[PDB]
Every structure is written in structure tokens, then in C-alpha cells.
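Residue-level structural notes
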Amino acid sequence: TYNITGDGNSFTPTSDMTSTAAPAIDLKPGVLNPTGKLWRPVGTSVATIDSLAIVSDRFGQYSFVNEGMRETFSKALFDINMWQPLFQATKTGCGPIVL
Amino acid sequence: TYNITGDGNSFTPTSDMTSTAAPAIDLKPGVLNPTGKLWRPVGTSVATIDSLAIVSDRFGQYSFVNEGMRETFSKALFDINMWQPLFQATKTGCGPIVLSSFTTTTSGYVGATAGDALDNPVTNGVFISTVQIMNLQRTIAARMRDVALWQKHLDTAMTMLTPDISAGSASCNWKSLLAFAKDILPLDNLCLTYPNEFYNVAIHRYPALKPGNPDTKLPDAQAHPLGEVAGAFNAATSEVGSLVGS
Amino acid sequence: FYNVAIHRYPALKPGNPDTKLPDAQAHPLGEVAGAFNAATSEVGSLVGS
Amino acid sequence: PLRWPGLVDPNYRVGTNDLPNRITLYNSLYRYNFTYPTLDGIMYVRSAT
Amino acid sequence: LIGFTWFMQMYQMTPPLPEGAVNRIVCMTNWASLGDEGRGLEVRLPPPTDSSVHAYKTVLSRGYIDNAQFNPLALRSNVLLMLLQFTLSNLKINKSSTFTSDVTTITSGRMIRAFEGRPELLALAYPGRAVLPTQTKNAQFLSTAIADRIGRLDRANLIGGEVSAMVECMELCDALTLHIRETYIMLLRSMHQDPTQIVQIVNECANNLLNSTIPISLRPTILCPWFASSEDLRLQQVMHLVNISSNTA
Amino acid sequence: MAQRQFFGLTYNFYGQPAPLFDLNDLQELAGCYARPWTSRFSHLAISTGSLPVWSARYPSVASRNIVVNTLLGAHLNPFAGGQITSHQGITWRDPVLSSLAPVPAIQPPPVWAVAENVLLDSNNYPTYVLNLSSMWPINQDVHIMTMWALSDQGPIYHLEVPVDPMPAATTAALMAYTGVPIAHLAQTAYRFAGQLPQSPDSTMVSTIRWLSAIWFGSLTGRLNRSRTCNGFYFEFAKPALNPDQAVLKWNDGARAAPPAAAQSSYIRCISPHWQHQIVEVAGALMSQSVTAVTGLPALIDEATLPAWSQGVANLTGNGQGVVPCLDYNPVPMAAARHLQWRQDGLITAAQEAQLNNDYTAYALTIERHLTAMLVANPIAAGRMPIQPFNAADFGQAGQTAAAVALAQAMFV
Amino acid sequence: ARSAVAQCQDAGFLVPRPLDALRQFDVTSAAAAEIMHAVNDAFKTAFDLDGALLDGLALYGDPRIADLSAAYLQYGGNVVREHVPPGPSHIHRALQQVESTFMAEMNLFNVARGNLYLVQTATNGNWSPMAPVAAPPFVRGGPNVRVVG
């Protein structure tokens, strides 16, 4: 970081550069899905195709992750990252999550 | 292209084939992102992982391109393409852009913050430049403003005896329709100067409509352009009116 | 605050960091979304319409 | 002509063949030979120095 | 007029093509190849007219002393080892040549091979050496070809004295054989050790006792085929272990 | 040569009121020869008998290079004036410069005007042109000389990548090099240029150019066992260590992607440490010999050059070709090469590479401090047997980033 | 030796089988041996290798060689298998390539492909048995003709 109280700094507001952040994101239910939950051929070898049990919802192994949701969510994490030096300085658990 | 003033041409407005184009697209900020800007291990070899500098924003190498935005944008370009013969004839810089050329290789680290980006390297993907998007957009906007008269004129036709059967199916002599159109329509219209183009375009947009006589053998088809897809969703089903609607 | 501001608002440049080069044309990602809110030759706002 | 493409066709590199289809008659040959020397080295008592 | 009457001299246009009624390609490993001696493993075919059956009496024939006849069911067999032999008999470092100008008072210039010992098969070596006879099938071929192609085209010029790495000269040669030998000579080259390495090697092995300092000169035309993979030695020594098979001897 | 490009930039005076030579030492150096920079120099410098670790007048191999530059710079420049302004102690024996005498003969008419920095333009020298065939060896020197004088740092070198244009002949003949280290190949490869005016459109030029690409891409890491240009690539014998030598291997199989239309680039080693990195030096010599036969594309931008070497006829360009610097110090290179391999899963993620690094930095420090202290050693006299030191040069910024990205690019 | 043999019998060693149409019986252990001994020998002679304590002993029991490798067995239930691969095979590549070419130029090696017909032909004006025109071939489902094997 740089001393703010210096010379050379431009004050150029342009149409091109219209303020924006990420204020809110789409979280429509419909939109949450993509898609398939992950399963297994009972639990035995490649024979039981006829039968599937869901993977370990128990504490882990769930569905195929929402491509969009991943991409979105990671973006969201980046908002916080915009303030990383400040978070860090505030000692407020700053450490970038890594989704 | 085919002589418009021929025989064989169907006037079949169906629910199935509800007019549509691409009037506007989603450009929500939120939606612009996907995602990671591309960076580098200082600039030296594979050691400096601890440190990243952004690639050349200077004039090129930017972020990993928005998959959705690419896909979207390319579609947009296709709108203009719908009128390519006409653009060309108007000598108005017609030459189809090919967005893909703009989407240039970026190779290194992907992340939102230096933080995050440190962890993830993504070799030989793609970016787009501020500059480039500037000039790309510029073109698209220009294209649109060139068509602004055409759109209107096209619309007029389409309402002056409206081919829109939102429910079921209608049929009548296109010839009959066409000739009364040209007997009634204002002379000052662009439609009367450009009959051949407008009709072609119309046909290209409205699967509901068939060419004149191109091969009077086969003037009609069941495969039209992409349109179709979007149309099926606006078409009334057994239990619902409109899917999009509800 | 300023740092952050600068990081969000490409429209703004740092103080004196290298008075040589305080200014740049490449900023963060922002840009992209901004181009779509910026008025063109034939339209106001693309998103808008 | 096919058996003699390198000699007969000007448009072709002097090497080139047409394999596995045709065995060329006339290829730009390479004449090779080396020095095959005897191993003449001097031995000196390392550790002891 | 057979020959070009050049005043008080005759230039006898020695036919570059077989001047036959019938002429057939016939496999003959190293027919014209007068080298160090020869492999022995010469895959020698008779003319089709004669009984080529000899060539095939290799494998299952132990039993059936039928000189006229081959066992058909063992054909693939027969042919596999034959091919092997054709390969083997053709594995040779095709030595660097001496090249001259075209001394003969026809069209002087061209750079030609100085054939092994005597200038024998020159007409065949170099189609282009044959001037211009009459209006024949032979001639129609010659007619169709360009002169330029016959001979030395490019010789590794950069020779410490005149140790060539390659002479690029187009001649009568078989594309196949050629390609064979090139991959053989590749093999060899890859095997190139430097005496430098060897120093370090041997020395290290000696536990520091000895230094086998090797002088060497700046000569790129040296060939040392020695370097191997651990893989090669392991597999060889596998054999050697098998070799033992509970025989103490 | 066939082409009207007889251009050689003299090396500028490093604060000194003089070209950086010593008359005594240059005379002394003429012990087995008399010609300018020929094979003879190179085979003593990079001998089959010796590599003299800090020689009394010549601290490194590079030292020899730098002096050679300044030598030519002084008395060779006379020649480019349309009459041979030949004297200054020394003087050319003969109109075609074929040897030097340290003293004028019976006829001393040839004046010398007090020379500064000049572009040796043999094109304007009737005699030269007259016998291009024989004069040819000078042309080789002039260009390489230039590539030490255009800038204030270690070699300016050009790079080239084709696409599918490696025809049967070439690819074949490149197989003969399998097992030969650049170490040796350099010497032979160099002598090539000397030999005769060949053809621009020939196999020679293609090959050398291609080899150079192999060496760099290997050096950097992005080419390797796993990422081969049709088997082709160097193994740096001992990896990421200071003592690393490049040996050609054909690692069949995992073959790198055909690039988009072509590639061209420049590089410069911006560290005095290149003075003990014989390899990279020989590199640029090699490729400058290719230059001698070719019309080198993509001119170098003004900004990227030092003060003194600004606004240079042939050289200065706008929308042309930049000189990225280098890794410059072997330690960076290490890292790169190791993280290729780690990403690859060629080798242990956190074991060997850390070993190399540590040793390499050790090694560094020693050679570095030595080289540098000995650059201190000059003082006052009109010699300087070595390229100057700057504290800045020990930096690690110098277009590292850029270089990495480039090599990355290459694989595809 | 691997590659060669694998064209003699139905083996799942990794190689295409170009010469599949050329007559050959499916060889046994014993037979394979015999051929292989030839192979062996040729190699010997070619390279001046007179020591029979080289390659010899490779055919001493099931010479159905595919993946020659060695191991150690430890009493604590475990085995250490060293599978030692060969990499480059220039000879082998040249052999293969020779085959590929062979596939098209078989006549050069006095291997002619087809069949014969025995047909009453007497005439002043006839080609050669090596130049057929259309008629010598026949079909199963031809009027009046009968096709037996």
C-alpha cells in the first residue's frame, strides 16, 4: 500500500467506469440445483447397477456441485478479499476461505 | 435468395411458432463476473508463488472470460447476422465480427484476490481487454443503430396484417395477403424498396412463414433456424397456458 | 478506505505511489460490468432496455 | 514415374519417399563416417595428492 | 547412330535402363553394395523364371524333403524370418564418399560419386549421365526427368579438415533400406558417450583414489557407442540369473 | 553474404575517455593467430583442454568476449570509412584486413580521426562488397558484436518458433544431434557461419533456429521429458543447480501442441552472472550466426534500451518486437522448472527441488561475490577486462513474469 | 522376439497384426521355441555373437514371452515385483515398417496374392494368367453354376 496523502492522483469519473460492486446475488431456488446426487451400486462391485444408495450424506459426499453456484459463490468470496488488508488489520478471521 | 414474388409460400401462423427474436439481453452486474483475473509469480520462475502480479491489463491479458458472457454475446452477434445480406448491400461494415478472435489466450493464475489466486493456476485459457470490449461493443451498438429503422419497418408489416396466432393455427393464401399488402402499404416504407430482403429476414425469424417459389417443389420446410426452441416454451400445452408465464 | 475505493472505482487513482506512474488503464475485474452500463451511440443503457 | 518421384518431379524434396505404398528408387543419399578413436587417457593418483 | 560421334572420338551411351523385353524388380540385399565385406545374411532372389522356393525352405521343412514345394501353413513363419534377415543384412553405416566434377566431355560440372574401386555401375547410379539417344521407351523416361537431380547437392562443408558428418548426394538407392539405416545410425549416435563423463564416472567409482584425466580435442566427428539405461542391464541380468538354473557350473 | 547488411555496432565507453582496451594485452593475446574473432579464439576460450578459472587478464570466458568487442570497435572501425582510416599503433596489413600489424609500414598515409561510438558499415566499403565470398567471416563477428553493444547488458538474443514446418529432411537430420550437448555443438555450429556464403532458404538456418527454441524452452521448464517438440528437448543434466549442462534427448511420445501460425521473441540476460554461464553466451553466438544469413525481424523499442544505445538506425522500433529480459539469475529458473515438474508429477513435490534451490543459492553467492569483487578490480586504467557491475542487477524483477507466460504459451 | 512371435500365435501382446491374411497355423509352445531359436541365431550371427550363453536359454519352457520380469517374495506375506520395461526399439520399429510396406509391395518378394481358375481357353489371341479381364471370377448364385467346398 501507498501513502494516500500524495501527488499524481486522478479524479476521473467516467461513464465507462460507473461505480459498481457486488451488492446482491441471485439465489432463486430453481437456480440452486444443478443437479444429480451421487450414488453407488449398493456398495458391492459392478453388478448391482439395478440398485443405488446415496453416498455419504452423513458427513460428506453429496451431489454433483452446481457449476454456476461454484462460480457465483467464489465471486462472492472476492468481495471480502477486496478488503483483505483491512480485515487482517481488524483481526477478524480474515483468512481467505478458498471455497 | 429467392424471388419473393412467387408461388408455393405458406401463411401458417401457429402457437408453436410464436414470433420471437432477441429483443434484449441480461446485463446484470452480478451476472457480468465469472470470474478470476489472471496473474503470474512475480515474473520469475516457479518459486515466487507467494507473490502475484496481474497480467497485462495494459493492453491485453485480463481475467478468465465469462463462459456465460461469451455464449450470450456470440448470440447477440447472430442477430446482426440475420440481416447479413442486407448489411452488406447497405455497405455498412457488415463483416461478421467473430467474437472468438477477441477472446485471447491468458496463461497463469486464476483468482479474485492475490490471496486466492496464489493457490490456483490455470494454463492457457482466455481473456478479453477493456480496450477490446470497448471497440467490440462500439461495433455492436453501431450495428443496432443501423438497424433501428429496419426493425421498425419489419414490425409494421408484421402488424399491418398480423401473422400472430398465439393459440393453435391459422392459414390463408400468402399470395393474397402479400398482394393486398403491396396494394395497401405506404410507398414511403423501406419494405417497398427492400421487399426481397425483408421477406427473407422475416422468413428467417418467423418459422411460421415460407418463401415464395424457390423450388415450387419444395417451398416449405419443418426445420427453420434456431428460433423453434424458444417458441415451444411459449406454446400452449394440455394443462398450462404458458410455461414461462406461470 | 482509499485503497479499497481505488480497487472498486477504476475511475480513481492512487496518490503518489510512483509519481512516475500513479495512473493505469487496467484496474481489477470491474470494468466488464461497467461497459454495459455505459452509454453508447444509439442506446442509453443496455441492461436497462 | 512413381518409382522415381524424387528424380522426375521437381515439386518434391530430394529425400522424400512414398511409404508404405511405393519404394522409391532414387533418394537423396547420405554418406556418413566418423572418427573411431582409441581411449587415450592419463592416470594420476588422486587421494594421495 | 549408336554413340555420339564427337569428331575423332566415340561416346558410347551406356544404357541407364535395363535393355530388356522384360524387366522385373528383384530383391537382392546389397547387390551393388561393395563394402567392408558383407554380413552374409544376403536375401538373394532368383528371377521369377527360376524356382524361388529355396528362399522359403527355412522353417517347418525339416520333415518334408520336398525341394519342389513349400509348406503353406508355415508361410507367415517363413516370411518373418526372411524379413528379419533382410533387415539384418542391410544394417550398415553408409560411408562418406569422395565426390568429383563431371570430367567427361558431355556436360561438365556435376558432382558425382567416386564409386568403390572401379567406376562400374555408373549408368544405373546416375541416369542423367546418359546423354540423349533416340526415340525409345528408355528415352521417353529420360526425356521426362531433369538433369539437376543427379548427384551431390550439398555436402557438410564445416569439416575440421574434412571429416564429414554427411554428404547429401542423390543417387540410386532404395528408400526403404535408406530409412532403415538412418534409424540404425540414430541408434548409434544416441549411444554417444564423451570421455569427459567417463573421467568423472571412473574416478567417482574409485572412491577418490584415482583420477583418469583424459585429454581430448575439439572434434565433433567422434563416435562413442556406450550409453545405456538401467532398464537394459536389469533385463539382461534377468537372463543371466535364469541362465544359472540350478547348475552350479 | 548475398544481402547488403554489413552492420556492426561498437561498444560504448564506460565513463572512460577511451575504448575499453589495453594495447599490451591485445598484442600479447596474438600468440597463435593474427586474425580477428575466428575458431582459434573460441577453441582456446572454450578449450578441449582447459577452462581457466579466473585467468590473470581474462577473469571469465565473457571477459574475452567483451574485449574482442572493444578491440574490433577500435581498429576495425577505420575500415568502414571509404578508404580504411587505418592506424593507431596497430594497422591492417592489407586492404581486405586479413591480418593486423601493431605498427605502420613504410606507408603510413591512412589517417585516424578521434573515434567515439560508430556503426561499422562495410556496405559502404567497396572492396568488402567486391569480395563477399571471402569477406564473409567478418559479417559473423559484426552482428554478434552489435548484440553486445546495442544494450548495457548480457546478450541480445532472438527467438523463433515455427509450426508444422519441419519437413522430413530437417527432422531427420536433427536426430543425428541426439546425445550431443550444446557445449560441444556450439563450436562446430559457429564454425559454420565462417565456412561460406550459403543459402538463406536452407536446412542449416532452419535447424539452428529450432535448436535455439529447444534450449530456451527447456531452460525455462515448459519443455521437458513430458513436453517434447517431437521428442526433442534438452536435459540440463543436473536440474536447477548452478552446474547444469544441456544434453539433447528424444523423449518420444508426449509431444507438444502445434502453435498458432508462428512465434517470435527477444531475450537479454540482465545480470553480470552471465559472465560465468558459458552456455547462455555460446547460445547467443550461435543464433547471431544465423542472423548473418537472415533478415532479422522485429525491431527493438527505444525505451527498453539504455541511454547510450538510443536511436539506432536499424534497431529502433515502435509496433515491433520487445526484448524480455530473462530469469537472469539461475535461482528463479529453478523454481519455474521445479513447478512444472511438480504440477506434472514428474518428481517429488517438496524434496529434490528444495535441495537444488539451497545449493544453487549457495553457489550463486560465491560466484556472484567473486565476479563482482573482481569487477571492482579494474580501476583507473583504460582496460576494464569485464562487463560492469551494478547493485540493481541483483534484482529479481527483470521481465520474469513475462518470460514465464511466454514459455507457457509455447506448449500449445 | 516378442513381436515376431506374437504374429505366429494368438497372443495378447501389444502389437497390430498386419500379416493376418498370409497363411499360418496357430503355433504351439514347442513350435514357437523352434522359430524363436532361429530368431535368436540370426541375431547372433549378424552381430558376431558366438557366445550361446546369450539369449539361448530364453526358450526353456513356455516361450510365450510377453512381459519378462522378476520378483522377490517376503515371508510377511508380500511380494516385490520389478517390471522392467524396454523403451526405445529402433530395430523393432524398422521391422514393423518393413511389414507395412510389404503389405503393398508383396510381389517384389515373390509373394503373390489371389487365387486361380481352371478354364477352357484355346485361342490365337490371349493375354497372360497375370492379366485377367472380368470373366475368370464367378459367383455362388449364378445360373447353371454350382459352388462346392
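Its PDB header names cryo-EM as the technique used to obtain the model and reports a resolution of 4.5 Å.

**Quick word on the overall build of chain F**
Assigned secondary structure in chain F consists of twelve helices and ten strands. Compactness check: chain F gives a C-alpha radius of gyration of 21 Å against a globular reference of 22 Å for 412 residues, within 12% of the reference. Principal-axis analysis of the C-alpha atoms gives chain F an extent of 70 × 50 × 45 Å. Here chain F holds 412 residues, and the buried ones make up 53% of them. Taking the intrachain contacts of chain F between residues at least 6 apart in sequence as the baseline, contacts between residues at least 24 apart amount to 75%. Within the structure as shown, chain F displays about 16700 Å² of accessible surface, and the carbon and sulfur contribution to it stands at 63%. Considering chain F, the positive charge centre built from 19 side chains and the negative charge centre built from 23 side chains are found 5 Å apart.

**A look at the interface of chain B and chain C**
At the interface, 22 residues of chain B touch 17 residues of chain C. Buried surface at the junction of chain B and chain C, both sides included, amounts to about 1500 Å², of which 68% is carbon and sulfur. For the chain B face of the interface with chain C, the top three residues by lost area are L27(B), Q137(B) and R145(B), together amounting to 39%. Where chain B packs against chain C, one counts one salt bridge. Between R145(B) and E42(C) there is a salt bridge; the shortest N-O distance is 2.7 Å.

**Some words on the pairing of strand β1 (residues 37–41) of chain B**
Walk down a regular strand and you will see the side chains alternate between the two sheet faces. Residue and element names in this part refer to chain B. The element β1 is largely enclosed, with a buried count of five among its five residues. Both β1 and strand β3 (residues 104–111) contribute to a ladder of three bridges, which runs antiparallel. Paired with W39 across the strands is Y109, a residue of β3. As paired elements, β1 and strand β2 (residues 52–54) share three bridges and run antiparallel to each other. When the sheet's bridge partners are listed, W39 is paired in β2 with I54.

**Quick notes on the packing of helix α7 (residues 182–195) of chain F against helix α9 (residues 278–291) of chain F**
All names here are of chain F. Where α7 contacts α9, the two axes come as close as 9 Å, and the packing angle between them is 25°. As judged from the angle between their axes, α7 and α9 are roughly parallel. For α7 against α9, the interelement crossing comes out left-handed. Taking contact as the criterion, the partners of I182, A186, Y190 and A193 in α7 are, on α9, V279, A282, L285, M286 and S289. Taken together, the residues of the contact of α7 with α9 break down into eight nonpolar, one polar and no charged.

**Section: the interface of chain E and chain D**
Across the contact, 52 residues belong to chain E and 36 residues belong to chain D. Ranking the residues of chain E by area buried against chain D places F141(E), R149(E) and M170(E) at the top, with a combined share of 14%. At the junction of chain E with chain D, the criterion picks out zero salt bridges. If you look at where chain E meets chain D, you find 28 residue pairs in polar contact. Elements supplying a minimum of two residues to the side of chain E that touches chain D: α2 (122–125), α3 (137–144), β6 (167–172), α4 (175–190) and α5 (195–205) of chain E. Considered class by class, the residues forming the side of chain E that touches chain D number 31 nonpolar, 13 polar and eight charged. Bridge count for strand β1 (residues 26–31) of chain D against β6(E) is six bridges, and the pairing is antiparallel.

**Here's the deal with the packing of aromatic side chains**
Considering all chains together, one arrives at 26 aromatic pairs over all chains under this definition. With 5.5 Å between their ring centres and 50° between their planes, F11(B) and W174(B) make a pair best called tilted. Of this pair, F11(B) sits in the segment before α1 (29–32) while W174(B) sits in helix α6 (residues 174–184), placing them 163 residues apart in sequence. Judged by its relative accessible area of 10%, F11(B) is buried. Taking 5.7 Å as the distance between ring centres and 55° as the angle between the ring planes, the aromatic pair formed by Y359(F) and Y362(F) counts as tilted. One end of the pair is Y359(F) and the other is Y362(F), both in helix α11 (residues 352–376) and three residues apart, which spans about a single turn. Its guanidinium or amino end placed over the ring of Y190(F), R191(F) lies 5.1 Å from that ring's centre, counting from NZ or CZ.

**Remarks on the domain arrangement of chain F**
Residues and elements named next belong to chain F. Domains assigned within chain F are domain 1 (2–328 + 382–412) and domain 2 (329–381). The C-alpha centroid of domain 2 is placed 24 Å from the C-alpha centroid of domain 1. Between domain 1 and domain 2, the contact holds 36 residues from the first and 27 residues from the second. Carbon and sulfur atoms make up 60% of the area that domain 1 and domain 2 hide from each other, which totals about 2900 Å².

**As for the nonpolar core**
Of all hydrophobic cores here, the largest spans 76 residues; its most connected members are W37(F), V68(F), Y128(F), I182(F), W215(F) and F234(F). The contact partners of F234(F), leaving out residues within four places of it in the chain, are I182(F), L211(F), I214(F), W215(F), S218(F), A246(F), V247(F) and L248(F). By size, the runner-up hydrophobic cluster in this structure holds 41 residues, among which are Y56(E), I180(E), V98(G) and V111(G).

**Notes on the side chain of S99(F)**
Residue placement: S99(F) occurs in the loop between β2 (91–92) and β3 (100–101). You can call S99(F) buried: its relative accessible area is 17%.

**Quick word on the sheet that holds strand β4 (residues 121–127) of chain B**
Residues and elements named next belong to chain B. Across the sheet, four strands lie side by side as β2-β1-β3-β4; this open sheet has antiparallel pairing. Two strands close off the open sheet at either side, each with one partner strand: β2 and β4. With direction set aside, neighbouring strand axes in the sheet form an average angle of 55°.

**Let's talk about helix α12 (residues 400–411) of chain F**
Buried within α12(F) are the following residues: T400(F), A401(F), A403(F), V404(F), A407(F), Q408(F) and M410(F). Buried residues in α12(F) make contact with β1, β3 and β4 of chain B together with α8 (203–220) and β8 (263–269) of chain F.

Calculation rules
Residues numbered from 1 in each chain as written, not as in the entry; some residues may be left out. Chains lettered and ligands numbered in written order. Part of a larger assembly, values for the part shown. Heavy atoms only, no water. Helix = DSSP H or I, 4+ residues; strand = E, 2+ residues; numbered from the N terminus. Rg over C-alpha atoms; globule rule 2.2 N^0.38 Å. Buried < 20%, exposed > 50% of the residue type's maximum accessible area, 1.4 Å probe, protein only. Contact = heavy atoms within 4.5 Å. Areas by Shrake-Rupley, 256 points an atom, 1.4 Å probe, with all protein chains shown as cover. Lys, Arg positive; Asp, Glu negative; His and termini not counted. Charge placed at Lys NZ, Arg CZ, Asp CG, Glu CD. Buried area = accessible area lost by both parts, 1.4 Å probe. Salt bridge = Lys/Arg side-chain N within 4 Å of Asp/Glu carboxyl O. Pairing = 2+ DSSP bridges. Axes fitted to C-alpha atoms, helices over the stretch in contact; angles between N-to-C directions. Parallel < 35°, antiparallel > 145°, perpendicular 65-115°, else oblique. Left-handed = near helix turned anticlockwise from the far one by under 90°. Nonpolar A, V, L, I, M, F, W, Y, C, P; charged D, E, K, R; others polar. Polar contact = N/O pair within 3.5 Å; in protein donor to acceptor, adjacent residues only side chain to side chain. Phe/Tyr/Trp six-rings, centres within 6.5 Å; stacked < 30°, edge-to-face > 60°. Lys NZ or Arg CZ within 6 Å of the ring centre and 35° of its normal. Domains from an automatic or database assignment. Core = buried A, V, L, I, M, F, W, Y, C linked by side-chain atoms within 4.5 Å.

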